[PDB]
Amino acid sequence: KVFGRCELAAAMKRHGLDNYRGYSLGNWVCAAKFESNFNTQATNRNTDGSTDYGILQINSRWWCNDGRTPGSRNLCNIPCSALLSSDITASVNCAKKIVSXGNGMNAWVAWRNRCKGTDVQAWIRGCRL
Ligand SMILES: CC(=O)N[C@@H]1[C@@H](O)[C@H](O[C@@H]2O[C@H](CO)[C@@H](O[C@@H]3O[C@H](CO)[C@@H](O)[C@H](O)[C@H]3NC(C)=O)[C@H](O)[C@H]2NC(C)=O)[C@@H](CO)O[C@H]1O
């Protein structure tokens, strides 16, 4: 499913991601935009043999099991396929484990390089939240 900007914002807010660990809703929407382009079905292979899955591009080396990643940890105890559902619940709950202390949202390369330190408030502009 390809979410709309406000559509995803409302869903993330409903799941308690707004200000989660101090990260405003705009940070999470911005991360989703640049990681998956708001597409829950996005998958991207990595040089280390791992693969990123879903709207928040969660990695198969540490967080979910995809059955083909050497040294997989599956810290979120879910198959990576669960992160591709139109329902973002699994992605949100895993993202909450990832951002909790560690290095927080620095775990997301797109967030660090395109959201961190930027005007993230703009990502929820016009949204009825
Ligand atoms: C969104 C996403 O999946 N991003 C992936 C990153 O999470 C991943 O980074 C590595 O993550 C692991 C697990 O959190 C890091 O290990 C943790 O490191 C902290 C210190 O910062 C330590 O306190 C934790 O105990 C330790 N956890 C465990 C279980 O050992 C690890 O340092 C990260 N590695 C790097 C280079 O950042 C990266 C790389 O696998 O992939 C992203 O896709």
# chains A, B, ... in the order shown; residues from 1 in each chain; ligands from 1
>>> residues_near_ligand(ligand="ligand 1", cutoff="6 Å", atoms="only C-alpha atoms and all ligand atoms", output="PyMOL selection string")
chain A and resi 57-59+62+102-103+107-108
>>> residues_around(residues="residue 117 in chain A", least_positions_apart="2", cutoff="12 Å", atoms="only C-alpha atoms", output="PDB file with N, CA and C atoms, in the first residue's frame")
ATOM      1  N   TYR A  23      11.050  11.916  19.486  1.00  0.00           N
ATOM      2  CA  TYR A  23      11.045  12.166  18.050  1.00  0.00           C
ATOM      3  C   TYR A  23       9.654  12.556  17.580  1.00  0.00           C
ATOM      4  N   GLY A  26       6.779  14.519  12.604  1.00  0.00           N
ATOM      5  CA  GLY A  26       7.408  14.929  11.356  1.00  0.00           C
ATOM      6  C   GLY A  26       8.661  14.123  11.037  1.00  0.00           C
ATOM      7  N   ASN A  27       9.420  13.783  12.072  1.00  0.00           N
ATOM      8  CA  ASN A  27      10.636  12.987  11.909  1.00  0.00           C
ATOM      9  C   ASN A  27      10.320  11.594  11.343  1.00  0.00           C
ATOM     10  N   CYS A  30       8.976  11.954   7.692  1.00  0.00           N
ATOM     11  CA  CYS A  30      10.124  12.269   6.861  1.00  0.00           C
ATOM     12  C   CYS A  30      10.971  11.004   6.613  1.00  0.00           C
ATOM     13  N   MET A 105      17.072   7.457  16.220  1.00  0.00           N
ATOM     14  CA  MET A 105      16.715   7.485  14.794  1.00  0.00           C
ATOM     15  C   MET A 105      17.917   7.470  13.850  1.00  0.00           C
ATOM     16  N   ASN A 106      19.133   7.506  14.391  1.00  0.00           N
ATOM     17  CA  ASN A 106      20.329   7.424  13.546  1.00  0.00           C
ATOM     18  C   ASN A 106      20.406   6.043  12.875  1.00  0.00           C
ATOM     19  N   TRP A 111      16.904   8.990   7.372  1.00  0.00           N
ATOM     20  CA  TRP A 111      16.596   9.993   8.371  1.00  0.00           C
ATOM     21  C   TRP A 111      17.827  10.860   8.649  1.00  0.00           C
ATOM     22  N   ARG A 112      18.968  10.226   8.916  1.00  0.00           N
ATOM     23  CA  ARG A 112      20.205  10.962   9.197  1.00  0.00           C
ATOM     24  C   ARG A 112      20.569  11.909   8.079  1.00  0.00           C
ATOM     25  N   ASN A 113      20.546  11.401   6.857  1.00  0.00           N
ATOM     26  CA  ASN A 113      20.981  12.177   5.708  1.00  0.00           C
ATOM     27  C   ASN A 113      19.963  13.143   5.126  1.00  0.00           C
ATOM     28  N   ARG A 114      18.666  12.969   5.366  1.00  0.00           N
ATOM     29  CA  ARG A 114      17.717  13.875   4.718  1.00  0.00           C
ATOM     30  C   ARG A 114      16.656  14.468   5.659  1.00  0.00           C
ATOM     31  N   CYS A 115      16.614  14.035   6.917  1.00  0.00           N
ATOM     32  CA  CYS A 115      15.612  14.565   7.843  1.00  0.00           C
ATOM     33  C   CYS A 115      16.224  15.262   9.055  1.00  0.00           C
ATOM     34  N   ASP A 119      13.782  21.040   8.641  1.00  0.00           N
ATOM     35  CA  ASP A 119      12.450  21.444   9.055  1.00  0.00           C
ATOM     36  C   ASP A 119      11.496  20.259   8.861  1.00  0.00           C
ATOM     37  N   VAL A 120      11.401  19.386   9.864  1.00  0.00           N
ATOM     38  CA  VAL A 120      10.535  18.205   9.767  1.00  0.00           C
ATOM     39  C   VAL A 120       9.058  18.544   9.998  1.00  0.00           C
ATOM     40  N   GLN A 121       8.798  19.698  10.605  1.00  0.00           N
ATOM     41  CA  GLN A 121       7.423  20.120  10.860  1.00  0.00           C
ATOM     42  C   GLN A 121       6.621  20.181   9.554  1.00  0.00           C
TER      43      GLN A 121
END
>>> closest_residue(among="A:92, A:98, A:75, A:42", to="residue 11 in chain A", atoms="only C-alpha atoms")
A:92
>>> residues_around(residues="residue 9 in chain A", least_positions_apart="4", cutoff="7 Å", atoms="only C-alpha atoms", output="MDAnalysis selection string")
chainID A and resid 5 13 25 29 124
>>> residues_around(residues="residue 83 in chain A", least_positions_apart="5", cutoff="8 Å", atoms="only C-alpha atoms", output="NGL selection string")
:A and (40 or 53-55 or 58 or 88 or 90-91)
>>> residues_around(residues="residue 4 in chain A", least_positions_apart="2", cutoff="10 Å", atoms="only C-alpha atoms", output="list in words")
residues 1, 2, 6, 7, 8, 9, 10, 33, 37, 38 and 39 of chain A
>>> write_last_selection(atoms="C-alpha atoms", output="tab-separated table (two decimals), in the first residue's frame")
chain	number	residue	atom	x	y	z
A	1	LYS	CA	0.00	0.00	0.00
A	2	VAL	CA	1.29	3.47	-0.87
A	6	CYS	CA	-1.34	12.88	6.05
A	7	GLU	CA	-2.80	9.38	5.84
A	8	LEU	CA	0.48	7.94	7.15
A	9	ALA	CA	0.90	10.78	9.66
A	10	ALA	CA	-2.50	9.99	11.22
A	33	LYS	CA	9.15	9.29	2.86
A	37	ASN	CA	8.46	6.71	-0.37
A	38	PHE	CA	5.47	5.78	1.80
A	39	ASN	CA	5.24	2.30	0.16
>>> atom_distance(atom1="CA of residue 16 in chain A", atom2="CA of residue 118 in chain A")
22.1 Å
>>> atom_distance(atom1="CA of residue 110 in chain A", atom2="CA of residue 73 in chain A")
22.3 Å
>>> select_by_dssp(residues="chain A", states="strand (DSSP E)", output="PyMOL selection string")
chain A and resi 43-45+51-53+58-59
>>> atom_distance(atom1="CA of residue 74 in chain A", atom2="CA of residue 19 in chain A")
25.5 Å
